[PDB]
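K.L.:
this one is an experimental structure. Sequence first:
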Amino acid sequence: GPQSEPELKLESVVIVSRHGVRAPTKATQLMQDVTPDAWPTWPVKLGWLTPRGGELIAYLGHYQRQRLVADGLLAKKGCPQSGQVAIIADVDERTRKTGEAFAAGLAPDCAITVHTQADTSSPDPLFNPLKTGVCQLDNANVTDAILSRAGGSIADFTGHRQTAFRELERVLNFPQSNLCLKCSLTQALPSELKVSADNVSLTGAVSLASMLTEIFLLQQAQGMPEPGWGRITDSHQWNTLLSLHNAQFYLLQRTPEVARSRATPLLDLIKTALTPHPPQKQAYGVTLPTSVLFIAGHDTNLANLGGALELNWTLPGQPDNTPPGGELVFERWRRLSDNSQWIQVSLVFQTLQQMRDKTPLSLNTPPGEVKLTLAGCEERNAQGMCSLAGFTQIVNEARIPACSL
Ligand SMILES: [K+]
Ligand code: NI
């Protein structure tokens, strides 16, 4: 019957995904000392993807197949052919397994290759060129930029967030902890900004809180019976706790003086996947451009891209602004009225309840989705997309040539 008159046609999609639910990457003495209670144990090694984590990613893969079929970009049946779908992952187990999980959902029994760099025992600079020394941060500029975004000092930062720290202390039962028996997390563990040529980090309570509140969220998404020892009982509490995780990434990963450098290889890969040109084999042996590119990375990659491109978002129903399986989705659309080219960016994610309930996703039960705007874009169409030329200029301005591969 008479369907909606197509105004735009989808040409290409690039999905930059955080890996799915993983076991905590550390088990430190300080984590033991800040609570009298025992941390729940995990079914996989430190930092590895859990089976449930993979099942949640495959749900997003299944959903993406349904909606890309609806958009006309992929075929309803059969496998995608001749590199129509490509997958690139970081070398870590949790990212490679995320790529395998997404392929399993998008195109089951089609053994789509999960590409990595040749040496999987060494870091891939695409996901952080600082880590292999491709380039370095500017120490004075990064320090000033982060401290300013903190409110002028890390003390000012923690001074404005005492409500959230007190909520974490309650969940920890911190007053009955060994650290307390000697009480306030921020004063017991003074936080300072450490800036080196290759990394930025915060010490003390700020970084501890970001980690621990992430762990509670992973416990919830994993389906563990009582996250935070049963002391997290409503959504306001979840939002208050994860604000500490979000706040650290705002400072350390969204600040442009860090984000532009760390995101430059990803920016280049995204722009080459989205740019119309004769298809040509390039990075990882992958032929670009193509229909669908899935990149399996990390929390910091989403934040770095958001900071470098001036994309801002909060995720309704998902307290972690960079959640497991969260996807930054870049799409190239052709406007049929004049066959002009446009870029849309959105953030696709499972709500915390969808993770808690292990909700299979479909057109009828979609993940959450936030439409984004490139703040620097001066040429937008009626749907808020940026012109291909405008997007290209933004990326060329944001990228840092010394950080490119
Ligand atoms: K302030
Ligand atoms: Ni996150």
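P.N.:
Here it is on my side, so go on. Residues are numbered from 1 along each chain as shown. Ligands and ions are numbered 1, 2, ... in the order given.

K.L.:
okay, strands next: where are they in the stretch 301-405 of the chain?
P.N.:
Taking DSSP state E, counting those that start in this stretch to define them, one finds strands in the stretch 301-405 of the chain at 327-335, 340-349, 368-371, 386-387.

K.L.:
what's the answer for the chain, then?
P.N.:
8-18, 85-89, 114-115, 193-195, 200-202, 280-281, 287-288, 292-297, 327-335, 340-349, 368-371, 386-387 (DSSP state E).

K.L.:
to ligand 1, which of those lies closest?
P.N.:
Closest to ligand 1 of those, according to C-beta to the ion: strand 193-195, at 15.4 Å. Just so you know, the C-beta spots here come from the backbone N, C-alpha and C atoms, and that holds for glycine as well.

K.L.:
residue 6 against residue 335, yeah?
P.N.:
No. With contact defined as C-beta atoms under 8 Å, residue 6 and residue 335 do not form a contacting pair (10.1 Å).

K.L.:
rewinding a little: between the strands of the chain, which one is closest to residue 400.
P.N.:
Closest approach to residue 400 among the strands of the chain (C-beta to C-beta): strand 200-202, 15.2 Å.

K.L.:
can you point out the buried residues in that closest one?
P.N.:
Buried positions in strand 200-202, judged by neighbour count with 16 or more other C-beta atoms under 10 Å: 200, 202.

K.L.:
residues contacting that strand, please?
P.N.:
Strand 200-202 has contacts (C-beta atoms under 8 Å, 6 or more residues apart in numbering) with 137, 142, 146, 154, 191-194, 207, 210, 248, 251-252, 258.

K.L.:
closest to ligand 1 among the residues you listed?
P.N.:
Closest to ligand 1 out of the contacts of strand 200-202 is residue 154 (11.2 Å), distances taken as C-beta to the ion.

K.L.:
report how many residues lie close to that closest one.
P.N.:
22 (other C-beta atoms under 10 Å).

K.L.:
for the one 3 residues further on, same thing?
P.N.:
For residue 157, the tally of surrounding residues (other C-beta under 10 Å) stands at 23.

K.L.:
circling back: between residue 6 and residue 335, which one's more packed in?
P.N.:
Of the pair residue 6 and residue 335, residue 335 is the one with more neighbours under other C-beta under 10 Å, namely 17 against 11.

K.L.:
how far away is the more buried one from residue 364?
P.N.:
From residue 335 over to residue 364 the distance is 29 Å, taken as C-beta to C-beta, to the nearest Å.

K.L.:
try residue 259
P.N.:
Counting by C-beta to C-beta - residue 259 and residue 364 are separated by 36 Å.

K.L.:
picking up where we left off before, select only the buried ones of the contacts of strand 200-202 in ChimeraX?
P.N.:
Here is the ChimeraX selection string for the buried members of the contacts of strand 200-202, based on 16+ other C-beta under 10 Å:
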select :137,142,146,154,191,193,207,210,248,251,252,258
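
K.L.:
adding distance to residue 235, write the contacts of strand 200-202 out as TSV.
P.N.:
TSV is the format used below for the contacts of strand 200-202 (distance: C-beta to C-beta, whole Å):
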residue	distance to residue 235
137	37
142	35
146	30
154	28
191	27
192	33
193	31
194	34
207	25
210	20
248	21
251	25
252	26
258	31
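
K.L.:
in helices only, show me the contacts of strand 200-202.
P.N.:
Here DSSP state H is the test, and those give 142, 146, 154, 207, 210, 248, 251-252, 258 as lying in helices.

K.L.:
contacts only, for the single nearest residue of the chain relative to ligand 1.
P.N.:
Relative to ligand 1, the nearest point of the chain is residue 151 (3.4 Å; C-beta to the ion). Residue 151 is in contact with 157, 159-160, counting by C-beta under 8 Å, 6+ apart.

K.L.:
looking at those residues, which are in helices?
P.N.:
Using DSSP H, the subset of the contacts of residue 151 located in helices is 157, 159.

K.L.:
ligand 2: which of the contacts of residue 151 is nearest?
P.N.:
Looking across these and measuring by C-beta to the ion, the closest to ligand 2 is residue 157, at 18.1 Å.

K.L.:
measure the residue lying closest to the closest one once chain neighbours are set aside to ligand 2 for me?
P.N.:
Excluding the flanking residues, the one nearest residue 157 by C-beta to C-beta, 6 or more residues apart in numbering is residue 150, at 4.1 Å. Distance of residue 150 to ligand 2, given as C-beta to the ion, to the nearest Å: 19 Å.

K.L.:
renumber starting at 359 from here on
P.N.:
Taking 359 as the first residue, the last one we looked at is residue 508.

K.L.:
neighbours of residue 508, how many?
P.N.:
22.

K.L.:
pretty sure it sits against residue 608.
P.N.:
No. Taking contacts as C-beta under 8 Å, residue 508 lies outside contact range of residue 608: 9.1 Å.

K.L.:
what sits against the residue nearest to residue 526 when sequence neighbours are not counted?
P.N.:
The shortest distance from residue 526 to any non-neighbouring residue, by C-beta to C-beta, 6+ apart, is to residue 567 (5.5 Å). Contact analysis of residue 567 by C-beta under 8 Å, 6+ apart lists 522-523, 526, 543, 602-603, 606.

K.L.:
could these be laid out in a markdown table, adding distance to residue 461?
P.N.:
Formatted as a markdown table, the contacts of residue 567 follow (distance: C-beta to C-beta, whole Å):
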| residue | distance to residue 461 |
| --- | --- |
| 522 | 38 |
| 523 | 41 |
| 526 | 37 |
| 543 | 42 |
| 602 | 34 |
| 603 | 29 |
| 606 | 32 |
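
K.L.:
name the nearest of these relative to ligand 2.
P.N.:
residue 603 (5.7 Å).
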